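Listed next as structure tokens is one chain, alone, in the form deposited in one PDB entry.
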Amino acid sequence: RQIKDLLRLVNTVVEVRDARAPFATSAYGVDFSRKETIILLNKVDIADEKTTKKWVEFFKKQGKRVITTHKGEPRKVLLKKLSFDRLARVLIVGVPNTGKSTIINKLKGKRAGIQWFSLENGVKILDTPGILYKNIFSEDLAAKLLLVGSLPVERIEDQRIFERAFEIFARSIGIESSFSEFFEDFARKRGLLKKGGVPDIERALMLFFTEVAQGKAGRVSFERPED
């Protein structure tokens, strides 16, 4: 209902998280306690390498099965990292925009009611990923889903979420300047002005957060295990 329907069909789950925020992009709530579970930390190419290294050992130390990967990693390498049992049947699960379609497409690759596809050794993978929508109870979670592009900028009505998101960004990257200074500067630098040469702060926020989520603002992670 409806990930609960799909879980019934599988014995293996691949949890596709964003490496920049492994906790905000975890599939909390939904139950994989009786499935073989691989934690996939994705988008390592746009994450802070050192932070990602900390996340790996954090999961390994917990006894958990964890891998890291990104768009540009070869299909062969991903498959080896995955190392699926020959009798695995697989659900790819996660929050929106975390790289699940891209992963399915690479595995697929492409070759040929709920649909499946098969790997060369016959392991079966569900063609469509289970999409997980979270109760956003904290503005911190909303901010973190914004930063990784799970929560699109068009959906943000509350300016406090933008502020929390910046505050997380700023701490991660080392910025000590204020919300106002930073966004005025960003609007200026990118020529985002309205009549009278007034910095368009709203366009600024929209472009900046779009760019952060795409990894265009640098290799930055938003959660640390330390923490």
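Throughout, rigid core stands for the largest set of C-alpha atoms superposing within 1.5 Å between the two forms. In this text, residue numbers run from 1 along the sequence as written.
What comes next is about the form deposited in another entry, which does not appear here.
**Q** Would you mind telling me which residue of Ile156, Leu119, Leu126, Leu79 shifts its Cα by 2 Å or more between this form and the one not shown when the core is superposed?
**A** Among the listed residues, the outlier is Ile156.
**Q** Would you tell me if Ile38 moves between this form and the one not shown by 2 Å or more at its C-alpha, with the rigid core held superposed?
**A** The answer is no; the displacement is under 2 Å.
**Q** Using a rigid core superposition, assess whether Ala187 undergoes a CA shift of 2 Å or more between this form and the one not shown.
**A** After core superposition, the displacement of the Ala187 C-alpha between this form and the one not shown reaches the 2 Å mark, so yes.
**Q** When the rigid core is used for the superposition, does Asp48 move between this form and the one not shown (threshold: C-alpha shift of 2 Å or more)?
**A** For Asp48, whose C-alpha is compared between this form and the one not shown after core superposition, the shift is less than 2 Å.
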